[PDB]
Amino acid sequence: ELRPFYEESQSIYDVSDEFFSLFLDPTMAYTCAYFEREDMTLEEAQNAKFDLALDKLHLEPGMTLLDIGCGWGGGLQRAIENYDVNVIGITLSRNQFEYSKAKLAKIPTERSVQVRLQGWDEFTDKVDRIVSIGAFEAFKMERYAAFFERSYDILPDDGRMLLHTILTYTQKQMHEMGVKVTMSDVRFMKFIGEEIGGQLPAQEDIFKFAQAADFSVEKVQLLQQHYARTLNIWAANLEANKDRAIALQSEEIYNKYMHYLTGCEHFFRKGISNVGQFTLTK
């Protein structure tokens, strides 16, 4: 599929933070929200999702929290505001690195706050607790063991990790559950492969890889229909801001984002995909 002439093309990965602000909530969370109350706004549900993850970590004053894949910094903002802990956030996105650094610098704190442009395989600092929301689905399966081994090694004896990631099912499970994958679903999976690399883990894969690194899985919490609602709102916001999206980028880029959001929404609504928070203990 390689073309003989290099072509500087327009990718969904080239859009600015301003483009994401057309459809994310004000905290710029780009992961599944948690509608703990049915009438929550998107921002309230994103706050609730971060608070849900952080509460599972049993943070105590003075600890250091690592956020692997800190995104646009909403999780660490909640951690700094609500806990008396030092924090380290890592991301490999330069835009997210600068955005999160500037966002968190505005927050009063009596603890240390660091944001780094760094991947987990470069990270060796000892930390007390780890949160990772929406990063694992960008990892290649051949790196899973190394990821859990590194996570285990940087935690203390009492360490805890909250891993939040998207999940798929085996065909046997889908047949059992009465989920019928159609040609249009197949074409959407092909679109994902062409625009987003790799397959998605099943719940059982996370159990297997975590336990092989000597973690215990104490809890899995599944948020399937919360993601369907999250994606619905994102797509509605982007459509409301369609003219501005097209002016910043193009109708092609607008269409690709809308196709992505609404196709993913469908996969959660129909039951092809899920999303889980895994509490891992050492």
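Don't overthink the numbering: it's just position in the shown sequence, from 1.
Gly197 is a gap in at least a third of the other entries compared, counting only those with both neighbours built.
According to the entry, the deposited sequence places 1 to 3 unmodelled residues between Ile196 and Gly197.
For the segment pair 261-269 and 7-15, the entry gives 7-15 the higher mean B-factor, averaged over Cα atoms. Across the two stretches, 214-222 and 25-33, the PDB entry reports the greater mean Cα temperature factor for 214-222. Annotation for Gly74, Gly89, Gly134, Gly119: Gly119 ranks highest, by Cα B-factor. The maximum CA B-factor among the listed residues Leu104, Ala79, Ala202, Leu162, taken from the PDB record, is found at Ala202. Ranked within its chain, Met174 lands in the highest third, by CA B factor from the PDB record. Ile130 sits in the lowest third of its chain by CA B factor, as recorded in the PDB entry. Among all modelled residues in this chain, the alpha-carbon of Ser250 has a temperature factor (C-alpha) in the highest third.
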